[PDB]
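For reference, the structure is listed below as structure tokens.
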Amino acid sequence: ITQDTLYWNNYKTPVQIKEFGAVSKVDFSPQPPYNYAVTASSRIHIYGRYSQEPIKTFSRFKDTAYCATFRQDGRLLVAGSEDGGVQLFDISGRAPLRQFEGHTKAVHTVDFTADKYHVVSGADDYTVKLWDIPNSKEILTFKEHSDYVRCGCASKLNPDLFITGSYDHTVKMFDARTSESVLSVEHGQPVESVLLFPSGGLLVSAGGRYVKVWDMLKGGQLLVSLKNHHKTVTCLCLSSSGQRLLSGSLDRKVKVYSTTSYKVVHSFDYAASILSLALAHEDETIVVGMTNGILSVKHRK
């Protein structure tokens, strides 16, 4: 019995929670007590790790919400809206909801840059935007994707560096200091998820039945193509250590891979097609969101 099977099996019986809408995103706060934000339908639910009911709700109380993502200090949530808005929610519940307008279609991807005071958005208008929070305005637009921009990752370390994935089958790497993408890689299926490793030198792309790992320092050299899912790969996650990659799929499985070998070291089965996957600090909680509106929460033994 491998040390990996021992590690990833070391969870209690799952707790199933009904969200009564497809769970499009789950994100853990990086700050104690590591609450998680659940995006479904037109609102964001906050749960405590052991909550079976939401402890807070954030919403415009309008249209479908997308991609609710904590800032690195756990103090703001950024989200997109169906009507083409980017929203910031103050987690304290003290300050008014802030709205950035400019996108002309649904915004499915938002992230904070490393500096914490800029946002990267991607929309169904095919465009990528860089927003200055303090100046309350767009500073850059990139019109290089030719189809919906459905996923995105700002560098953990570099405030200038960020990536987006598109249904145009490409991932584009952008530097805030230049007006055109620095690199483009052909995932070759519609891109549903991306990950940038902290160095910026390795990028993971997921979509169709494929997970692909790219060396971006080497001009976007393909390191490996993984075909371990039977249906669309919908989500990517790193383990707390950065030493494991997790993928979730409409095929109801989460695969865990070594970041050294890219061999599968564990497999988990879920009741329904997976849309979202999130791991708490030191992997103490694993949350999977599915198409039938149910969250599966696993607590570490």
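Just so it is clear, the values below take in all heavy atoms, side chains as well, and ignore hydrogens, waters and symmetry mates. Position 1 is the first residue of the sequence; numbering continues from there.
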Checklist entry - Have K129 and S121 got a donor and an acceptor in their side chains that come within less than 3.5 Å? => result no

Checklist entry - In Å and rounded to the nearest 0.5 Å, what is the CD1 to OG distance from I274 to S249? => result 7.0 Å

Item to check | For the student: nearest non-hydrogen atoms of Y167 and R150, plus distance | outcome: OH-NH1, 3.4 Å

Checklist entry - Do any N or O atoms from the side chain of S239 and from the backbone of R244 form a donor-acceptor pair under 3.5 angstrom? => result yes

Checklist entry - Which heavy atom of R49 sits nearest a heavy atom of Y34, and at what distance? => result CG-O, 3.4 Å

Checklist entry - Stepwise, does the side chain to side chain contact (heavy atoms under 4.5 Å, CB included) test hold for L246 with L279? => result CA-CA 10 Å; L246 295 80; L279 272 55; 4.1 Å; yes

Checklist entry - Among side-chain atoms of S240 and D283, is any donor-acceptor pair under 3.5 angstrom? => result yes

Next on the checklist: Does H299 form a ring-ring contact (aromatic ring centres under 6.0 Å, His included) with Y11? I'd like the steps, not just the answer.
Outcome noted: CA-CA 5 Å; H299 296 114; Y11 293 82; 9.0 Å; no

Next on the checklist: On a heavy-atom basis, which atom in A79 and which in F89 lie closest, and how many Å separate them?
Outcome noted: CB-CE1, 4.3 Å

Item to check | Polar contact flag, side-chain donor to acceptor under 3.5 angstrom, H187-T170 | outcome: no

Checklist entry - Do the numbers put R300 on top of the ring of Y7, so that NZ or CZ is under 6.0 Å from the six-membered ring centre and no more than 45° off the axis? => result yes

Next on the checklist: With a 3.5 Å distance limit and no angle check, can you tell me whether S258 reaches the backbone of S261 through a side-chain donor-acceptor pair?
Outcome noted: yes

Checklist entry - Applying the side chain to side chain contact (heavy atoms under 4.5 Å, CB included) test to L161, which of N158, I163, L157 qualifies? => result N158

Checklist outcome for this item: Separation between OG (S184) and CG (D168), nearest 0.5 Å, reads 7.5 Å

Checklist entry - Counting only N and O atoms by type, is there a donor-acceptor contact under 3.5 Å from the side chain of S267 to the main-chain atoms of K255? => result no

Item to check | Derivation of the side chain to side chain contact (heavy atoms under 4.5 Å, CB included) call for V256 and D4 | outcome: CA-CA 9 Å; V256 188; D4 268 306; 5.8 Å; no

Checklist entry - So, does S273 use its side chain to make a donor-acceptor pair with the main chain of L250 at under 3.5 Å? => result yes

Checklist entry - Hey, what do you get for CZ (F142) to OG (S181), rounding to the nearest 0.5 Å? => result 8.0 Å

Item to check | Interatomic distance, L97 atom CG to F58 atom CZ [nearest 0.5 angstrom] | outcome: 10.0 Å

Checklist entry - Should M290 and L275 be regarded as members of a common hydrophobic cluster, given that ILVMFWY residues are connected when their side-chain heavy atoms come within less than 4.5 Å of each other, either directly or indirectly? => result no

Checklist entry - Does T64 reach the side chain of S42, with side-chain heavy atoms less than 4.5 Å apart? => result no

Checklist entry - Between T5 and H266, is any side-chain donor less than 3.5 angstrom from a side-chain acceptor? => result no

Checklist entry - Without hydrogens or angle criteria, can the side chains of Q189 and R209 be said to hold a donor-acceptor pair below 3.5 Å? => result no

Item to check | Smallest separation among heavy atoms of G48 and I55, with atom names | outcome: N-CD1, 3.9 Å

Checklist entry - Would you call the rings of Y257 and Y262 parallel, tilted or perpendicular if under 30° counts as parallel and over 60° as perpendicular? => result tilted

Checklist entry - Between the side chains of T164 and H145, does any donor sit under 3.5 Å from an acceptor? => result yes

Next on the checklist: Please evaluate residues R43 and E19 with respect to the criterion salt bridge (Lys or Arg N to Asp or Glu O under 4.0 Å), reporting the C-alpha separation (whole Å), side-chain torsions for both, the decisive distance (0.1 Å), and the verdict.
Outcome noted: CA-CA 10 Å; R43 84 283 156 147; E19 269 282 329; 2.8 Å; yes

Next on the checklist: For a quick check under 3.5 Å, do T285 and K298 share a side-chain donor-acceptor pair by atom type?
Outcome noted: no

Checklist entry - Is the closest side-chain donor-acceptor distance between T234 and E192 under 3.5 Å? => result no

Checklist entry - Is there a donor-acceptor pair under 3.5 Å between the side chain of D27 and the backbone N or O of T69? => result no

Checklist entry - Are there more than 12 heavy atoms of other residues, nucleotides or ligands under 6.0 Å from atom CD of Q99? => result yes

Item to check | Ring center gap for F28 and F70 short of 6.0 angstrom | outcome: no

Next on the checklist: Could you tell me if the side chain of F100 sits less than 4.5 Å from the side chain of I133, heavy atoms only?
Outcome noted: yes

Item to check | Value rounded to 0.5 Å, distance of NZ in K25 from CD1 in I44 | outcome: 10.5 Å

Checklist entry - Can you hop from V224 to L217 via hydrophobic side chains spaced under 4.5 Å? => result no

Next on the checklist: Do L238 and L245 have side chains that approach each other closer than 4.5 Å (heavy atoms only, starting at C-beta)?
Outcome noted: yes

Checklist entry - Hey, what do you get for CG (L77) to CG (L88), rounding to the nearest 0.5 Å? => result 9.5 Å

Checklist entry - Are the side chain of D111 and the backbone of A154 linked by a donor-acceptor contact shorter than 3.5 Å? => result yes

Checklist entry - Is the closest side-chain heavy-atom distance between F112 and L76 below 4.5 Å? => result yes

Item to check | Check: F197 and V204 side chains under 4.5 Å, non-hydrogen atoms | outcome: yes

Next on the checklist: On the six-membered ring of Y117, is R71 placed so that its NZ or CZ lies under 6.0 angstrom from the centre and within 45° of the ring axis?
Outcome noted: yes

Item to check | Flag side-chain contact, heavy atom, 4.5 Å: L130 against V120 | outcome: yes

Checklist entry - Taking everything shown except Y210 itself, do over 12 heavy atoms lie less than 6.0 Å from its OH? => result no

Item to check | Residue pair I17, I294: steps toward the side chain to side chain contact (heavy atoms under 4.5 Å, CB included) verdict | outcome: CA-CA 6 Å; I17 305 169; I294 107 89; over 6 Å; no

Checklist entry - Counting N and O atoms only, with roles assigned by atom type, does the side chain of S166 sit under 3.5 Å from a partner on the main chain of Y148, one being a donor and the other an acceptor? => result yes

Item to check | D115-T113 side chain donor-acceptor pair, cut-off 3.5 Å | outcome: yes

Item to check | 4.5 Å side-chain heavy-atom contact, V86 and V78 | outcome: yes

Next on the checklist: Ignoring hydrogens, what is the shortest heavy-atom contact between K105 and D124? Give both atom names and the distance.
Outcome noted: CB-C, 3.5 Å

Next on the checklist: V182 vs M173, test: side chain to side chain contact (heavy atoms under 4.5 Å, CB included). Steps then yes/no.
Outcome noted: CA-CA 6 Å; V182 292; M173 180 172 272; 3.6 Å; yes

Item to check | Residue pair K137, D132: steps toward the salt bridge (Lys or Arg N to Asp or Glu O under 4.0 Å) verdict | outcome: CA-CA 6 Å; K137 68 176 177 167; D132 178 321; over 6 Å; no

Next on the checklist: If you compare all heavy atoms of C237 against all heavy atoms of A278, which two are closest, and at what distance to 0.1 Å?
Outcome noted: SG-CA, 4.4 Å

Checklist entry - Just by modelled atom types, is the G152 backbone N or O under 3.5 Å from a matching donor or acceptor in the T109 side chain? => result yes

Next on the checklist: Under a 3.5 Å distance rule, please check whether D125 uses its side chain to pair with a backbone N or O of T104 as donor and acceptor.
Outcome noted: yes

Checklist entry - Can you find a pair of side-chain heavy atoms, one from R60 and one from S81, that are under 4.5 Å apart? => result yes

Checklist entry - Hey, would you say the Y66 and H108 ring centroids sit under 6.0 Å apart? => result yes

Item to check | Salt-bridge contact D90-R98 (side-chain N to carboxylate O under 4.0 Å) | outcome: no

